[PDB]
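Visitor: Need coordinates for the following:
(13 chains)
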Amino acid sequence: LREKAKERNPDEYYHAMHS
Amino acid sequence: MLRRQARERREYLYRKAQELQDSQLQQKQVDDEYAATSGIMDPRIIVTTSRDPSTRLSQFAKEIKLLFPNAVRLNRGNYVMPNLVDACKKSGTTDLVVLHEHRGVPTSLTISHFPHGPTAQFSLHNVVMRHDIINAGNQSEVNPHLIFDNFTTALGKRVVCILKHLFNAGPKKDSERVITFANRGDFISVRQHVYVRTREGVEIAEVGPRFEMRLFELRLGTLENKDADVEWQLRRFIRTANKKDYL
Amino acid sequence: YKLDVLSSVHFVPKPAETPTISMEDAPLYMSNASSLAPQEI
Amino acid sequence: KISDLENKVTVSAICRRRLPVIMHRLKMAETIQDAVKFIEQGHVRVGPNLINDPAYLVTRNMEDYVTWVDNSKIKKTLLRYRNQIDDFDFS
Amino acid sequence: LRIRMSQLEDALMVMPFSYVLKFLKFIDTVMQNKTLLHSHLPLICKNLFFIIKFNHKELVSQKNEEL
Amino acid sequence: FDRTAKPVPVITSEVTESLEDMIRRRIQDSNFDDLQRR
Amino acid sequence: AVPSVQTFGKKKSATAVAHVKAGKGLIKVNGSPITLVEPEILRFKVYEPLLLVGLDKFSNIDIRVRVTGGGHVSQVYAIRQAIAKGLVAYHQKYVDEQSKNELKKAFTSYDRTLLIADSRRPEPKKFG
Amino acid sequence: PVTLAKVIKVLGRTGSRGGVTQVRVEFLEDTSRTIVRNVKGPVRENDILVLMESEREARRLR
Amino acid sequence: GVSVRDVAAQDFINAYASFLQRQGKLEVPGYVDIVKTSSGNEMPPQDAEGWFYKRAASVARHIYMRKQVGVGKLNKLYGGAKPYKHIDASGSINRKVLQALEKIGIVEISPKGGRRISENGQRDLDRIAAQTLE
Amino acid sequence: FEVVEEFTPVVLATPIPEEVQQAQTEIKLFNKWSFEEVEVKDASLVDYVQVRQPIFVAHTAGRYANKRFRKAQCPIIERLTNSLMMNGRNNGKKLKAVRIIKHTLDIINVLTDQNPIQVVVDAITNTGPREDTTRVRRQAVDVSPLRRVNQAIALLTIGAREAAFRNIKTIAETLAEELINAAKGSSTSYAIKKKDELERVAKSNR
Amino acid sequence: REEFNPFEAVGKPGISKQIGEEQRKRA
Amino acid sequence: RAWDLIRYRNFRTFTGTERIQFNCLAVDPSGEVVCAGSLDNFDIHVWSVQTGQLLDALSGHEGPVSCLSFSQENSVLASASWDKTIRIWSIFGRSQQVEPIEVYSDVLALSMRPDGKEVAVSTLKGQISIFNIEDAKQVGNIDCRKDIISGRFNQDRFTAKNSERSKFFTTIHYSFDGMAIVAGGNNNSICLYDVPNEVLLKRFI
RNA sequence: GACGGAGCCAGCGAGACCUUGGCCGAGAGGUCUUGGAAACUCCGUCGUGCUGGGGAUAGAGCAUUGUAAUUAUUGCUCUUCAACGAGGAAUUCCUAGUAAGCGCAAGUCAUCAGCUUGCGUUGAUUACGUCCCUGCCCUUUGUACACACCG
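Guide: Numbering: from 1, shown residues only, chains lettered A, B, ... in the order given. I have put the structure below:
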């Protein structure tokens, strides 16, 4: 979870983003 | 820009895995990190310490700066390691050296190779500073000659390469300064000598400092990345730890 | 060319007896002797 | 090495370099078909320039500057849920 | 001649003007002996050209007729 | 009683003469393991 | 809906979120009036935007600021820099472009930290 | 009385003692007249300096 | 529309401290003159006449600032540094002060533990809040 | 001819002090001291003592050690406040220096009706040594303007500090006194004296 | 050889532990 | 590569150790130092004209260097990149100093005043921002997004007004008098602006 | 600057015991239940007096922890009230979020137990020029692709 938490792209989009 | 480092680490870990497989098949040259720049671009070294360092670590950092021809000392006042590695990555630094102490007695030394590792940590024993020497005088800062003795295993050749590229390549044949790294049961004895070629032999004089290392952690990444995959560790609690040798 | 147009944002054009006139001349008035330095001579 | 170029090169490799495929791997679009519409509608930028052609292959040095146009209505949605929508940047 | 040429220009910038007036007088003396000028004419030309460039605004100031 | 780890060495004189001997033999033969331009 | 705009201001670890909407002139920070911010000596610091651009612009809008993290001075810098960004963004979104141009000119002329983040990224001054 | 002179050139390779720089300054009262002076603090172009004595010509100070 | 948050911090307590002192129904324990308010302190409150009433005003707001509050919170809230220990404030005084308030009706016992701002007290705090402004 | 940009009365539902409205009219130090009438008497200190940019408070968070001469652009009041804080125990406490200078400026306005910022600029102008010695024995050499202002600030601050180090006088009142005495040019101020023997020793070795 | 090895210019007292060890081997 | 226009010969060629891909260049007023920039390497290579050797590489960007220019009189280097920042390099002298200045968006073009006292930069947002080199502070800003004219492509499926393809200027240059800039980009417009007033003088199709 | 009130702002960190809350005690600390930060700011008292700075030593009490001793251990209350008034000859380091002040957390194989590492908070003076002194080096076959300069 840490290395994964480190390697965030802030630009990640998903259709559930709207709600 | 985060996506540059995110991708290349996958490339770096892939390259090391492929190199490891190739070596294993050969079991049945210079390391990939250093193969690009070995003997082409002179190393750029930053020497720093832990925060609020005691006076000795500041001087000891000044000493480790003097040992390597292209080393520069940096105070660690309030800096944050992700900022340090990014800032040292920013200036083109090749390696970063961090020093730790206990009551002004240096205890550990860590080397992290840029841009993408590896990171080697050392434990400092029997450290004798040259500041403990009266009327020692000033050094020679020429590109020193360099000795590696009693390095046989594959891990030894790796430790050789990591320490190898901290210095400038191509010293003059008559360069007067010699650095020796000598393993004696994982006990890398380090001395700084200066000689004169006589009519019937050679005479050497210690410049110092004297200080011993044991490698205890090698990882595939910068020292900041505590999640970096680990190539090797010193695993101390085995019943054979009291009599096993690695280097 | 084939791969460039795949990988180019902006237009990439296709790359292209009797005595011959040369389209390009790499000045005409300038002489080859005048283009040589004294140390070369 | 050259002897590898003869076998390493395959159609799938060039398809992987295709922009909608890269968007899917970068997870910008859930599906390859979806990525095509976003490219057609003009919400994607590769470095300084917007690309409308799905068949574009992104070269290796441009692949991390592929991102969304600043004023994409969807890029607003990215920041609206996370509540990082800063309107000084107009996004 | 002894002075290094890479170090001529700074030697001329440090030059006080009251000494420049003397330098012009020394340069003056050179031309009476045509041989002395011709022997090292290029160096005399350069030195004179830097002194005036260094002190052109000064030189326009002195209204002395003899100068 | 048993000791878990290797004891840290003591740099007595005899160790010191032995080490400096090897340094002198290396330089006498000019057998130097140092990096070179490539 | 009511015209509104959101922005952020960051100084060290201090972060302030400023929401600017159409209103009758209520500026609040952490739910309290801007007059009550502490330290009072740096109160005028957070006043630098309000005082430089004019209050009738603010008389025509509501601002609410929520601050978290960092120290007192860093929080004050976050508040000012966020509210400046919020005013200019509001004038862009719901007012003419000339107004935001004038506000940006005034803010950058007086103090650019009001609009750009001031981050002292480490720099090795010595080469090598 | 003290005169004022604006620095017109900071001289280099003057070998002055550490912390001392040799400069050339033109008097404000007379733009043409200029004098070489030794200054201790940092110096740059177009700054003006107070000369109590306008007669002494600077000498290189080891 | 006046609220306790709308008034300057030191002003509300001082005005509400005088409100409590003049009022004359706030119970004050006998030992107030003989305590520190904390073990880390070295001298007693200098304003022996009015510090408890100022203490009551100070807590009467913290319940307004923070909806639910208990004795443990006041102890840490008024605690201070002494190697340092950061000893919390005296538990006895804080409990007596809290108990004093709901006798007036300013505060009252909250559900799930702690104290609640007694709705009568909410206007009372607002009343002196308007008093300071006007 | 008349110009108006405001045609509706501005009442902010959040109350403001009227003094902040007059501050909207003009930027003043602590909203009490104006920079318009402050001018540097001595031409040499000009371009190195900066008073043209008005500020409400000394604290600015500006970056003035990047380049060799950024300090000239820093406001002089900020420089005095920043030099005030020394001795280790006061290190890191800039806002205290802001309070101290506020009280000092108040004391200046009390003792002399002149604008206190004018007193400060006059004092730093007076206390700047125009010539000094350098150890070869000694040889006399002139002084750069930035070094003049730096030495003036340092001398003023250290004199104010030592005068009240173990005296009933507080740092605010002693700082006000030495500023006034330096502005007058009287020998009573520590800085004026030290400037004097520096110049005298240089004259002896001229 | 002995003159120019200050660790065995002269070092501070206590930098070396030879005297401690030699006593031990004799024991 | 180095070319002489008097004898029309290539008298010198410079290349990186790993053949770094160059996009921008600058030449010293004295004509002894050359700096080139790359989109892949993030560092500015420096060469000596006389010798042809790599003096050093100027690191300092997270992003690809977009443009380079040396001051004609003062000889400072201004380097601008997609890192949202601009750096002023004082390479000449005993000590080297770098002054980074942050910008809102990625910079594409940089023009430097002939006086060498000011530098103008074009960003993706369509802003021409001028900064004082000595003070490292912004002195003016120009808005260009609205003035730019961009035509809808026949292949487009969205309108030109809603499009964002090119409302930035990929190239800018001062006037020698210093009061104007000519700006161009991947668009159908050249905009001539005025610095002191930040207004569009004329536009050309 | 010491003291008394009041006001408050962080980021690291997860292998029965922790705990929000109520009731007692001046405090230390007890008892009954639920879930699993300082520095710093405002207002006041004190004042050049080894003074309301300093808390070493000593006396009397109120409690905690084991363990089976009248044993120590860790805290709290009062009284007692020392050296220390800025530090010789000498000596070490240091250029920006740097020197310095400030508190918090984990002990994750070497090393460290009021010591090591990590986190955040406030935040400077001066220099950013020189080879003059010291020390360490490089060159004295342009070799260097044109122009220019040098010989």
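Visitor: When you work out contacts or count neighbours from here on, use the C-alpha atoms and nothing else.
Guide: Noted.
Visitor: Next, the distance between the ends of stretch B:219-230.
Guide: Across its full length, stretch B:219-230 reaches 4 Å between end residues, using Cα to Cα, to the nearest Å.
Visitor: show me the residues around residue L:199 that make contact.
Guide: Neighbouring residues of residue L:199 by Cα atoms under 8 Å, 6 or more residues apart in numbering or on different chains: L:142, L:193.
Visitor: wait, residue C:29
Guide: For residue C:29, no contacting residues are found, by Cα under 8 Å, 6+ apart.
Visitor: ok, now residue L:125?
Guide: With the criterion set at Cα under 8 Å, 6+ apart, residue L:125 makes contact with L:105, L:145, L:167-168.
Visitor: Please repeat the previous calculation with a cut-off of 7 Å.
Guide: Shown in contact with residue L:125 (Cα atoms under 7 Å, 6 or more residues apart in numbering or on different chains): L:105, L:168.
Visitor: again with residue J:120
Guide: Contact criterion Cα under 7 Å, 6+ apart gives residue J:179 as the residues in contact with residue J:120.
Visitor: Checking it next. Helix, strand or coil?
Guide: When states are read from DSSP: H, G, I helix; E, B strand; the rest coil, the local structure at residue J:120 comes out as helix.
Visitor: I'd say residue B:143 and residue B:168 touch.
Guide: Yes. Checked against Cα atoms under 7 Å, the pair residue B:143 and residue B:168 is within contact range at 6.3 Å.
Visitor: neighbour count winner among the two?
Guide: With neighbours defined as other Cα atoms under 10 Å in any protein chain shown, residue B:143 and residue B:168 compare such that residue B:168 has more, 25 against 21.
Visitor: How is the more buried one assigned, secondary-structure-wise?
Guide: Three-state secondary structure (criterion: three-state DSSP) places residue B:168 in coil.
Visitor: I'd say it and residue B:44 touch.
Guide: No. Contact criterion Cα under 7 Å: residue B:168 and residue B:44 do not qualify, at 9.3 Å.
Visitor: re earlier: now do the shared contacts for residue B:143 and residue B:168.
Guide: The overlap between the contact sets of residue B:143 and residue B:168 (Cα under 7 Å, 6+ apart) consists of residue B:69.
Visitor: Residues contacting stretch I:47-66, please?
Guide: Contact partners of stretch I:47-66, identified using Cα under 7 Å, 6+ apart, comprise I:13-14, I:16-17, I:20-21, I:33, I:45, I:69, I:97, I:116-117.
Visitor: Buried residues in that stretch, which are they?
Guide: Residues of stretch I:47-66 classed as buried under the neighbour-count rule (16 or more other Cα atoms under 10 Å in any protein chain shown) are I:50-64.
Visitor: ok, which pair from those residues is furthest apart?
Guide: Greatest spacing in the buried residues of stretch I:47-66, by Cα to Cα: I:50 and I:64 (21.5 Å).
Visitor: Just give me the neighbour total for residue B:123.
Guide: Using other Cα under 10 Å as the criterion, the residues surrounding residue B:123 number 17.
Visitor: any idea how far residue K:15 is from it?
Guide: Between residue B:123 and residue K:15 the distance, using Cα to Cα, works out to 19 Å.
Visitor: Please apply the same query to residue D:57.
Guide: Counting by Cα to Cα, the gap from residue D:57 to residue K:15 is 66 Å.
Visitor: same deal with residue G:115?
Guide: As it turns out, when the distance is counted by Cα to Cα, residue G:115 lies 58 Å from residue K:15.
Visitor: Between these two, tell me which one has more neighbours.
Guide: residue G:115 (21 against 15).
Visitor: Pretty sure the more buried one sits against residue G:85.
Guide: Yes. Judged on Cα under 7 Å, residue G:115 makes contact with residue G:85 at a distance of 5.8 Å.
Visitor: that older thread, kindly reformat the contacts of stretch I:47-66 as TSV containing distance to residue J:76 and secondary structure.
Guide: Supplementary listing: the contacts of stretch I:47-66 in TSV, determined by distance: Cα to Cα, whole Å; DSSP: H, G, I helix; E, B strand; the rest coil:
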residue	distance to residue J:76	secondary structure
I:13	40	helix
I:14	39	helix
I:16	44	helix
I:17	44	helix
I:20	49	helix
I:21	49	helix
I:33	51	helix
I:45	43	coil
I:69	49	strand
I:97	51	helix
I:116	53	strand
I:117	51	strand
